[PDB]
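See structure below.
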Amino acid sequence: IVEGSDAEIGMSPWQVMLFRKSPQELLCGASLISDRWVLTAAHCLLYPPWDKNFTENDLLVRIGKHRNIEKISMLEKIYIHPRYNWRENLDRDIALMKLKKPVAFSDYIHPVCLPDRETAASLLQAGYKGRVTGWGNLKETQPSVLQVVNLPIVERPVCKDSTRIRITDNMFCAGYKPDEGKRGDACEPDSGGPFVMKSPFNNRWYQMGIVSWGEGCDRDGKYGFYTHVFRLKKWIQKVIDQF
Amino acid sequence: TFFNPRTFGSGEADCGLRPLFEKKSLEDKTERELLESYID
Ligand SMILES: *C[C@@](*)(O)[C@H](CCCNC(N)=[NH2+])NC(=O)[C@@H]1CCCN1C(=O)[C@H](N)Cc1ccccc1
Ligand SMILES: *[C@@H]1O[C@H](CO)[C@@H](O)[C@H](O)[C@H]1NC(C)=O
Ligand code: NA
Ligand SMILES: [Zn+2]
Ligand SMILES: [Zn+2]
Ligand SMILES: [Zn+2]
C-alpha cells in the first residue's frame with residue numbers, strides 16, 4: 001500500500017496473509033469470507049511466467065493478530081477460476097482456498113461480507129470510496145504494520161482511457177484523479193487483498209473487489225484495478241456449494 | 001442466505017461487523033471518509 005496509513009488493531013479482522021511454505025515467504029493478501037473459505041487473486045496462486053503454480057501443500061495462511069494469537073492454517077484445497085486469463089489481461093483474477101480446519105472467530109478474526117444484488121448496485125458507483133489493505137510495497141521499487149487507504153471508484157471510461165490493457169466487465173478501477181489532491185494505491189504484493197466498503201444501511205463491511213493489477217504504483221493518471229467480486233459471485237457459489 | 005451453511009461453514013450471517021468496532025459502537029479513525037463519499 002502506497003501513501004496509506006497504519007491500520008488500527010482489529011480494524012480488518014478478515015485480513016489474510018498468504019505465505020509460501022518452503023521457503024517461508026509472504027506472497028499475497030487474501031480475505032476471510034467464512035470460518036473455512038478464503039478469497040484471493042488467481043495470479044497469487046497461478047502465474048506460470050513468475051513460476052507460480054502452487055499446490056495446496058505449498059502454502060499456509062495467517063489470520064488474526066499480527067505473534068501469539070495469530071492463526072496459522074494449512075489449505076485443504078485451492079480453486080482457480082477456469083476462465084482466468086493470465087496470458088492476456090488477468091480477466092477473472094479470482095481464486096478460492098478452503099482451510100483444512102475451520103477457524104474460530106475472535107475479536108481479531110471475523111469474515112467480511114460478500115455483496116448481494118441490491119448492495120452492489122447501491123454502493124458500486126463511481127465517486128464512492130472503498131478501502132484497500134495490505135502488507136505490500138510502500139513505494140515503487142515494506143511495512144511493520146498492516147497498511148490501509150480509502151480510494152474512490154473511478155468511472156469505467158476513465159479507467160479504460162488510463163491504460164492500453166484490455167479492461168473487462170470483471171474489473172473496476174479506483175484511485176484519485178491527478179487533481180483531486182489526495183493519493184494512494186495498492187502495490188505488489190497487495191494482490192489478493194480486499195477492497196471493502198462499509199454499508200451505511202446495515203453497518204456491515206462488504207468485499208467489492210480484490211487487488212488485481214496496475215502499472216506502477218500511485219502514479220498520476222493511472223489507477224489500481226480490482227477483480228469485480230459481485231460479477232463472479234456465481235462462480236464462488238458453484239465452487240462452495242459444489243464441494 | 002446465498003450459501004448453504006454446510007459447505008460454506010460459519011459466517012454469512014455473522015459477517016462484516018467487527019468485534020472491536022461496530023460491535024462496541026466504536027468508529028475507526030477513517031471510515032467516516034467512506035461515509036462522506038456516499039453523501040453526494
Ligand atoms: C499480484 C499483485 O501483487 C499485483 C497487484 C498490482 C496492483 N497494482 C496497483 N497499482 N494497484 N498484480 C500484478 O503484479 C499483475 C500480475 C501480472 C502482472 N501484473 C501487473 O499488474 C502488471 N504491472 C500489469 C499487467 C500485466 C498483465 C496483465 C494485466 C496487467
Ligand atoms: C500447474 O502445475 C501442473 C503440474 O504439476 C500442471 O499440469 C498445470 O498445467 C500447471 N498449470 C498451468 C501451467 O497453467
Ligand atoms: Na493514480
Ligand atoms: Zn509510521
Ligand atoms: Zn513463459
Ligand atoms: Zn462473531
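Counting starts at 1 for both ligands and their atoms, following the listed order. Just the heavy atoms: all of them, side chains too, but no hydrogens, waters or symmetry mates, feed the values below. Here is how names work: the chains are called A, B, and so on, in the same order as the sequence lines, proteins then strands, and each is numbered from 1.
Here the shortest heavy-atom pairing between A:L45 and A:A95 reads CD1-CB, 3.6 Å.
Near A:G216, meaning under 4.0 Å from any of its heavy atoms, are these atoms of ligand 1: 10 (N). Within the listing of ligand 1, atoms 8 (N), 9 (C), 10 (N), 11 (N) sit less than 4.0 angstrom from a heavy atom of A:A186. Taking every heavy atom of A:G224 and a limit of under 4.0 angstrom, the matching atoms of ligand 1 come to 11 (N). In summary, the atoms of ligand 1 found under 4.0 Å from a heavy atom of A:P189, numbered by their order in the structure, are 3 (O).
Using a 4.0 Å cut-off between heavy atoms, A:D218 makes no contact with ligand 1 at all. When heavy-atom distances to ligand 1 are checked against a 4.0 Å cut-off, A:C28 has no atom that comes that close, whether in backbone or side chain. Heavy atoms of A:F225 found under 4.0 angstrom from ligand 1: none, in either backbone or side chain.
Comment: B:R18 engages B:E31 in a salt bridge, judged by a side-chain N to carboxylate O separation of less than 4.0 angstrom. Taking a cutoff of 4.0 Å between a charged side-chain nitrogen and a carboxylate oxygen, A:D218 and A:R183 qualify as a salt bridge. Remark: B:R32 engages B:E27 in a salt bridge, criterion side-chain N to carboxylate O under 4.0 Å. Classification of A:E215 and A:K222 as a salt-bridged pair holds, one side-chain N sitting under 4.0 Å from a carboxylate O.
Of the possible donor and acceptor atoms, one in the side chain of A:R204 sits under 3.5 Å from a partner among the backbone N and O of B:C15.
Here's the thing with A:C187: none of its N/O atoms is less than 3.5 angstrom from an N/O atom of ligand 1. The shortest N/O to N/O separation between A:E188 and ligand 1 does not fall below 3.5 Å. The shortest N or O to N or O distance between A:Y226 and ligand 1 is not under 3.5 Å.
The protein heavy-atom contact nearest to atom 2 (C) of ligand 1 is A:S191 OG, 1.7 Å.
Applying the salt bridge (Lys or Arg N to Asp or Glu O under 4.0 Å) test to residues at least two apart or on different chains, the pairs with a partner in residues 97-113 of chain A are A:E76-A:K98.
The closest approach between any non-hydrogen atom of A:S212 and ligand 1 is below 4.0 Å. Taking 4.0 Å as the cut-off, A:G136 does not count as a neighbour of ligand 1 on heavy-atom distance. The shortest separation from a heavy atom of A:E88 to ligand 1 is under 4.0 Å, placing the residue in contact. Using a non-hydrogen distance threshold of 4.0 Å, A:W50 registers as a contact of ligand 1.
Residues passing the side chain to side chain contact (heavy atoms under 4.5 Å, CB included) test with A:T133 are A:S12, A:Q15, A:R131, A:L146, A:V148, A:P194, sequence neighbours excluded.
Here A:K222 meets the criterion, with an N, O or S atom under 3.0 Å of the Na ion (ligand 3). Here A:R219 reaches the Na ion (ligand 3): one of its N/O/S atoms is less than 3.0 Å from the metal.
Aromatic rings of B:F8 and B:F2 (six-membered ring for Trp) have centroids beyond the 6.0 Å cut-off, not under it. Aromatic rings of B:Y38 and A:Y128 (six-membered ring for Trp) have centroids within the 6.0 Å cut-off, being under it. Between A:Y79 and A:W37, the ring center distance clears the sub-6.0 Å criterion.
Shown here, atom 7 (C) of ligand 1 is in close reach of the protein: a heavy atom of it lies under 4.0 Å off.
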